[PDB]
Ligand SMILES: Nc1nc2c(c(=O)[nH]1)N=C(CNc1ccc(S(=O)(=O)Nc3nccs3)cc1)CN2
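Shown here is one chain on its own, the form deposited without this ligand, set out as structure tokens.
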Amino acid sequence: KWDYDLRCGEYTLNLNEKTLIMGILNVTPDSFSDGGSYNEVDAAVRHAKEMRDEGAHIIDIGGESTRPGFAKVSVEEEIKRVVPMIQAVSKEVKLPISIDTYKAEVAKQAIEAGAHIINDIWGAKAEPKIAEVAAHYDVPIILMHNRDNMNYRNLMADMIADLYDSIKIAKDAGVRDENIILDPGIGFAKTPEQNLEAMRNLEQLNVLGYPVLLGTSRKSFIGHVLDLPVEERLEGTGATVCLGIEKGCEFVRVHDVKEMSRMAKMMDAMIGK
């Protein structure tokens, strides 16, 4: 299916042998410091090691500007927090690292500090220069579907249009097809019912011809269906991962690495991946 591998500097990810598991690392910020402290970075490192041990192929690192928190915090402050995490994790965990930011300057620093992949929840629409950063360092970029409203004429057709606008921003800036990954942005700019509909029709994203990353871990729409709180969302996350893999997804972005990684492996055997 994929006649290339994803090139991540020192690491290389094969897109055909198995669904790739991206493990979610959120910063736990120390109060009393703007970042780089022992408790903070060691908590990040320890968690990356656990996820590596549990089958994660990628460690995804987010500062405070990004999901789930969305704090109004400067690029100056975000760098003092996010860079020390990347330096330590990249040194101590032999796995590619993605930086979960929409900010061009943060992406740049994160890669200088050792990050291999860019993960943008705004699909290069919040800060287009991020695509230029991506183009220059020659790294993979994940363009997630998002927008500032839920006014859809035809959900899927609009998602594909919206995504394609991100592909065009990325390609105009010099990003090669091989460094583009798409993400349907489940849990963003969608009603619960639209989240379900997006999941039901995920296979449509495949006609754009790029690898697809699915990120449904623990999200709210699972709670809406099961009437269950965030810490009891394992089975529902599971379902979404399984359905995603059946519908052709190459990556899933998850908090519960042990469990989701086992489900992914079993799905792969069944569908013949």
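Residue numbers here begin at 1 and follow the sequence given.
The next section is about a form of this same protein that is not shown, the form deposited with this ligand bound.
No residue in the set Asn16, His57 and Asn179 has a non-hydrogen atom no more than 4.5 Å from this ligand in the bound PDB entry. This chain is drawn without this ligand; in the bound PDB entry, the residue among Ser220, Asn206, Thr28, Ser37 with a heavy atom within 4.5 Å of it is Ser220. Within 4.5 Å of any heavy atom of this ligand in the bound PDB entry lies no heavy atom of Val93. Although the partner is absent here, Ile245 lies well away from this ligand in the bound PDB entry, with no heavy atom inside 4.5 Å. Interface residue remark: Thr240 is not counted as part of the site for this ligand in the bound PDB entry, having no heavy atom within 4.5 Å. Within this chain, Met51 is remote from the site of this ligand in the bound PDB entry, having no heavy atom within 4.5 Å. Partner contacts here mean any heavy atom within 4.5 Å of this ligand in the bound PDB entry, and among 85-93, 72-80, 186-194, 163-171 they occur only in 186-194. Interface residues of 138-174, taken as those with a heavy atom within 4.5 Å of this ligand in the bound PDB entry (partner not displayed): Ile142, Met144, in sequence order.
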